[PDB]
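As structure tokens, the structure follows; a few thoughts come after it.
Protein chains: 2
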Amino acid sequence: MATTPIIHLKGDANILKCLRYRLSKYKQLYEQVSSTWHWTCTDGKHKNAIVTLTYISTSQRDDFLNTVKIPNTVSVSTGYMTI
Amino acid sequence: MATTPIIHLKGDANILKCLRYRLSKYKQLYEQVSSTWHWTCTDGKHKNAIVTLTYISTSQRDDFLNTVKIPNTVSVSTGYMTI
Numbered sequence: 001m002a003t004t005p006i007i008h009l010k011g012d013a014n015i016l017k018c019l020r021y022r023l024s025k026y027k028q029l030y031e032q033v034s035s036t037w038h039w040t041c042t043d044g045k046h047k048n049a050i051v052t053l054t055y056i057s058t059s060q061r062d063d064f065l066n067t068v069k070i071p072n073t074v075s076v077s078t079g080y081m082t083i
Numbered sequence: 001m002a003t004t005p006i007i008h009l010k011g012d013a014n015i016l017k018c019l020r021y022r023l024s025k026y027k028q029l030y031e032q033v034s035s036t037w038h039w040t041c042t043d044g045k046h047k048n049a050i051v052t053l054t055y056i057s058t059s060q061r062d063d064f065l066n067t068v069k070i071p072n073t074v075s076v077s078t079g080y081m082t083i
């Protein structure tokens with residue numbers, strides 16, 4: 001038993017860098033956040049990095065994307081680390 | 001229907017950077033690889049970055065970690081982007 005539901009917030013590296021501040025406001029449901037990175041690599045960046053957050057229970061994951069006021073510039077994508 | 005099985009190869013940023021070369025040898029089952037990043041961030045790095053790979057079918061995921069000779073320095077962890 002483990003269930004490690006995570007989400008991918010894609011949008012910008014500067015928006016996600018300061019997004020962690022809002023995650024602190026809702027820590028009761030937030031667990032940890034990954035370092036904003038980018039899918040693959042061609043030469044540098046282009047305003048489009050996704051970070052991997054993680055919660056404790058599956059209900060805490062859906063509550064995060066439906067409770068904290070995430071920035072519209074970013075986009076939450078269901079995820080499942082299963083680890 | 002989608003099933004996007006992915007794996008996390010944690011170990012080193014230099015070992016994972018050159019690991020992509022081996023992934024090319026087995027592209028028939030490999031699909032795409034993510035940019036080696038690090039879980040969270042305290043100040044810099046410390047030889048421990050994880051990359052997110054992706055396959056086409058679930059059977060292709062288990063075959064990747066059981067077919068390509070991955071480096072022992074790294075570690076494959078089951079993953080499920082579900083996206």
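Chains as they are written, first to last, in the deposited numbering: chain A, 1 to 83; chain B, 1 to 83. We put the beta carbon where it would ideally sit given N, CA and C, even for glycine.
If you draw a 10 Å sphere on the C-beta of residue 49(B), you find 16 or more other C-beta atoms in it, and that means buried.
Of all C-beta pairs linking the segment 3 to 12 of chain A to the segment 68 to 80 of chain A, three or more are shorter than 8 Å, placing the two stretches in contact.
Taking C-beta separations shorter than 8 Å and ignoring five residues to either side along the sequence, the partners of residue 83(B) in its chain run 2 and 4, following chain order.
Within the segment 28 to 53 of chain B, the residues whose Cβ lies closer than 7 Å to any Cβ of chain A are, in chain order, 32, 33, 34, 35, 37, 38, 39, 40 and 41. Collapsing the DSSP output to three states places residue 75(B) in a strand. Around the CB of residue 56(B), fewer than 16 other CB atoms lie within 10 Å, so the residue is classed as exposed.
Taking 4 residues as the shortest admissible run, the segment 14 to 71 of chain B contains the following complete alpha helix (DSSP H) segments, listed from N- to C-terminal end: 58 to 67. Short of 8 Å from the beta carbon of residue 81(A), and not among the five residues preceding or following it, lie these beta carbons of its own chain, in chain order: 4, 5, 6, 52 and 54. Cα atoms of residue 35(A) and residue 21(B): separation of roughly 24 Å, rounded to the nearest angstrom. Annotation for residue 38(A): 45, 48 and 49 place their beta carbon closer than 7 Å to its own, counting only its chain and skipping 5 residues before and after. When Cβ-Cβ separations below 8 Å define contact, residue 67(A) makes no contact with chain B. Any Cβ of chain B closer than 8 Å to the Cβ of residue 1(A) would place that residue at the interface, and such an atom is absent.
Under a 10 Å Cβ-count criterion, residue 26(B) is classified as exposed, with fewer than 16 other Cβ atoms of the shown protein chains found around its own Cβ. Contact check for residue 40(B) against residue 33(A) passes: the beta carbons are separated by less than 8 Å.
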